[PDB]
Amino acid sequence: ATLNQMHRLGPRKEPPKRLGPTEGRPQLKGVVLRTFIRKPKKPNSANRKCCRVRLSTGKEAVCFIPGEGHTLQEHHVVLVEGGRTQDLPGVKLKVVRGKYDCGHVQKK
Amino acid sequence: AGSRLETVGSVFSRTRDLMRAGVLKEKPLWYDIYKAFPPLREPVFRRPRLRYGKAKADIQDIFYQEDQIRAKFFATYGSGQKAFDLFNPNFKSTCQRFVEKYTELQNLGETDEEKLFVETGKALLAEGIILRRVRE
Amino acid sequence: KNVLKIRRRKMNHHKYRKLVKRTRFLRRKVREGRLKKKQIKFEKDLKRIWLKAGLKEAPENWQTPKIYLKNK
Amino acid sequence: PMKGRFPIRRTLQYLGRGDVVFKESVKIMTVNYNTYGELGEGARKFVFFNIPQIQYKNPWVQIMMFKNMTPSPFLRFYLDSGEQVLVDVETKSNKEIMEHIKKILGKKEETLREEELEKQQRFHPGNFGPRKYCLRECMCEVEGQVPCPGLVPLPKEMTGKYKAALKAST
RNA sequence: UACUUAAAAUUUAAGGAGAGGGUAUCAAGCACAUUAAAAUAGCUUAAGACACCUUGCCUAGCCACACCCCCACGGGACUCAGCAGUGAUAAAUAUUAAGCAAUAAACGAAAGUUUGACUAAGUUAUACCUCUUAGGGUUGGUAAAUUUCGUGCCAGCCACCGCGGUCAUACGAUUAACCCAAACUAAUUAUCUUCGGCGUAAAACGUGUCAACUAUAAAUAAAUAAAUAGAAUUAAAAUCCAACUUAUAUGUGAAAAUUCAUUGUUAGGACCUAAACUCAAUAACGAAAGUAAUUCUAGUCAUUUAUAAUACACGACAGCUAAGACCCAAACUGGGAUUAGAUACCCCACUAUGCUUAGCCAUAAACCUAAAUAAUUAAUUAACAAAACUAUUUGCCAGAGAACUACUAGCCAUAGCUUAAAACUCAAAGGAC
Ligand code: FES
Ligand SMILES: [K+]
Ligand SMILES: [K+]
Ligand SMILES: [K+]
Ligand SMILES: [K+]
Ligand SMILES: [K+]
Ligand SMILES: [K+]
Ligand SMILES: [K+]
Ligand SMILES: [Mg+2]
Ligand SMILES: [Mg+2]
Ligand SMILES: [Mg+2]
Ligand SMILES: [Mg+2]
Ligand SMILES: [Mg+2]
Ligand SMILES: [Mg+2]
Ligand SMILES: [Mg+2]
Ligand SMILES: [Mg+2]
Ligand SMILES: [Mg+2]
Ligand SMILES: [Mg+2]
Ligand SMILES: [Mg+2]
Ligand SMILES: [Mg+2]
Ligand SMILES: [Mg+2]
Ligand SMILES: [Mg+2]
Ligand SMILES: [Mg+2]
Ligand SMILES: [Mg+2]
Ligand SMILES: [Mg+2]
Ligand SMILES: [Mg+2]
C-alpha cells in the first residue's frame, strides 16, 4: 500500500477476542446432569469418561473427567476448568479433581 | 585444504587470503611473479548478462573515406577482372588504383564527384587498364 | 495446475441450485412477505418525520409511493 | 525498506533539524511554486525538503501551498498586524530560501534559549514525588537518612506496635 | 488576603489550531442554513455525516454518579457505591477492632473540642524484603532430566507433533535424575500490533469517461489492413418446385430404427433464409466485449501524464418479453442400439434456441490468469512462467473450510445479479519442483 493509503486506513483492524467455554473466567461451578462415554475420533481408540453439567451461568456443557476412575453421579457439584480434550471433539471443558464432590484419583 | 571458490575473488587474492589465514605455509612459485608483474585487469569472475531495453554495445563501424569511392566503383564496374591476391602485403587492386587516382584529381581541387569519376576512368584507360562498365 | 478448488465450488453451486429448486415455492412466499415488511418500515419511517416536525397530518396531496411492489 | 523517496525526511531527527522558528507575528505562509521549469528548481526542493521542517517547529502556522498559478515562485507571509511580507524565491536555492526567511521572520537564538529556561522554572531537584516529576519519591532514599522500613526493618523502639505495648505495661 | 481599590486560589459560560473507540451489511441525515426590506434555498456527509454498539481517562491526578424514575417540582419498587458487618449471588471470603498522641479538615479570639479522614494495630503466601525448614512439578521431540514392572488401541496421556493391539525412555506404580522453591503446577487474562504482498500460493475490479487530492512536466494528435452504425449488393453450398430417373435410400466399429412422399442428374425455375472457403504461413481495428464476402455514406484525431464512484455509457454466450423469420444446427423430448443398469457416450426424427426488429437481463477460465504511466539494463537467478527492477497514483489481500452461503440494501432482475458475514470444524490448506 502507498503512504497515502496507509494514512487513510491507519492500523489494521483487530477482530475481537471471542470468549470460550468458561466465558473468560478461570473456573465455573456446575451440577452434573448425566454421565456418559464419548468415543475419540480416529486414529485413537478408547471409552473416554465425560459428563454433562449445568454451569453457574445457566448453560449446559460437556466436560471431560480426567484420571483413572471417578465416583461422579447426577446432582453432584464440580468445578470445571478450561482446556480442550484433543481427541474428543466439542469437549472444551474439564473437571477439577479434588474440589467439591469430585475427589482426587485413588492412588494404586 | 584450499579455496576452490572460483566465483569469489581471484586466484591471487584467494592465495593471499589462504596465507593470511595460516593454511598455506609456503608461497607458490608464481606468487611473487604475479605480485611484481600483475595483469592489467584482475581475473575475477563475472556473470555475463544480456542487454535489455535501449542498452547497446560500443563498437565503431570501420568506414574510411575511400569506401565512398570504392562503393561507386563496385556498383559501376564490379570487381576488377584481375583476381585479388590477399597473400601479397603490398597488393594493388584495380579498384585501389582507381581510388588512388580519384584522390589525386581531388587534391588538384575538382569539387564535382561526377567529374572525378569520369576523369579517373579516362586516366586508367590511358594506363591501359581494362575497365568494363558492366550494368549487369 | 489442478482444478481442485474449482471442483469444490462446482459442487457447492450444484447442490445449492438443487436446494433452491426444491424450495422455490417456499422462497417465493418468504420474499413477498419480506417486501411487505420492507414497505411498512418505509411508510412508518416517513410518518415519523412529519409527526416529529409537528404536523398532525401528512403534507397535503402526499401519498407514500409503493416502491417495493410489482410496479414494473 | 522505508517507502517513498528520501525516506530520511520521515524521521524525527530530520524534522528537528529545522532552524526557522517564526516570530509570534507570523500566522500564515503561502507557498506559490511551479512544478515545471528551470528557475523554480530551488522552490520545488524547498517544498520537498524544507516545508516539513518548518511546520514541525511552527505547528500553529498555516502553510498552504498553491501550484502553477503564477509565472514565478514566491513566498508570502501573513502577520497578525495585517502586514504581508512577500518574498521572491526564483533562481534561489532551497538553502538560500531558508536562510532568507530565517533572517527576516525568524526568532534569534538568544530568544529561544530564554524561553527554554522559563519552561523548566518549576522543576526543583530537591522536590520529592513520583518519578515522572521528581528524582526521589521519599527521603528514605537519601543517604544517611533513616531507610524505608520495607527494605530495612526499623528498630523496635521506633515502632508503634512496641510503644503501645509499653503504654499498656506502664 | 489586600485596598477603597488588586494579587491569588478555585470555578462557571461561550468557544476551537490540532488530536480523540468500534461497525459502512449504519449511506444518507431531514431543518440539521444564511440574510435581516424579512427574503434566499440553503446546512452536514465516503476527508465517514447520521444511526447503533462498547468503554470511565487525562493518572502528583481528573471526570461522572450518590436508593430508583438521565433530572427530582413530583412520583415510586423508599437508601451502607462512609467504616465494620450480614443475606443472597460468585471461581473470587480483612476487624460488627483501638486512638484523636502525629498530619489533614471543621469550629472557636483562645486555652481547646470533634472526626470509621487518618495514625498505630488485627486478618490473608497476592507481591517485595530478611531468615529458616521442603515442598511442587517434570523426565518421547520442541525442552533440562527414567530404572524396573504392570497394562496391551484397554486403562489412560498431550500446549503442538503425537503415544498405547505383548521388549511402552510418552499410560499407571516404582527407581533414579531434572527444574523451580516457601512455594509449585493448572485454568483464565493481559503484555509483542500496518513501510508486507497482489502471473502460478489470499489479492489488478469485464470495460471506458468526467471530480477532489497526491504526484509528474510537456506542449501534440491523427493521417484507407477485419472499430461502429445505416443502406444496397452476392459467389459457393443448401432448401423448395419441375423434368428425367435407379429400386432402394439413409445410417454404424457392427447393427437397428428411419425411408422408397426416397434417390441420382439438370449449362431448368424459384428463393434471398442462414452463414461468409481460399486470401489468413496475415496480426490489423476497437475501451473492453468484439470485429475479416463486396460497395457506398457517416465515423475514430490534439486534454502534459498517472489517479474515480454513490454518476453516466457499454458489455460474448445462455435466458426472459412481443411480433416475424426458418436453410442448416440443436438443449428437451420420442424412437433405435449398447450395458448388470445407461435417465449417457453412438444412430434417427423433431422442438426451445441460435436469425430480424423493439426492450430487458448484466453474467464468463469477461484470463496476456501481466492495473496504468515514466525510467534503467548494472551498480539482478526461491522454483516455474513472461529476464530483473525503481518511482508515482488508485484498487485489492491478511490460514483453510463453512462461503459464488445467511442476513442487509439497490436493481425492468422473482428458481436472478451485485454487495457479503458469523457461529462451528480443522492444523493445516495452498504454489513450484
Ligand atoms: S518509601 Fe520511603 S519510607 Fe518507605
Ligand atoms: K493411537
Ligand atoms: K442518576
Ligand atoms: K489528632
Ligand atoms: K513392558
Ligand atoms: K509415566
Ligand atoms: K514417574
Ligand atoms: K486465458
Ligand atoms: Mg461443499
Ligand atoms: Mg448483515
Ligand atoms: Mg439521581
Ligand atoms: Mg445499595
Ligand atoms: Mg448515603
Ligand atoms: Mg460497606
Ligand atoms: Mg481475593
Ligand atoms: Mg481559626
Ligand atoms: Mg500425566
Ligand atoms: Mg510430555
Ligand atoms: Mg489466487
Ligand atoms: Mg432414448
Ligand atoms: Mg426451430
Ligand atoms: Mg464477476
Ligand atoms: Mg475473450
Ligand atoms: Mg455466479
Ligand atoms: Mg447469492
Ligand atoms: Mg441475499
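By the numbers in Swiss-Prot, the shown part of chain B spans 2-137.
According to its header, this structure was worked out by electron microscopy, 3.1 Å.
In case you wondered, yes, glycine gets a Cβ from its N, Cα and C as well.
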Candidate set B:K57, B:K83, B:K116, annotation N6-succinyllysine, source Swiss-Prot, matching residue: B:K83
Cβ-Cβ neighbours of B:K102 (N6-acetyllysine) (radius 10 Å): 19
Among B:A2, B:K83, which are modified residues, the residue with the most C-beta atoms within 10 angstroms of its C-beta: B:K83
For B:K102 (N6-acetyllysine), the three-state class that DSSP assigns: helix
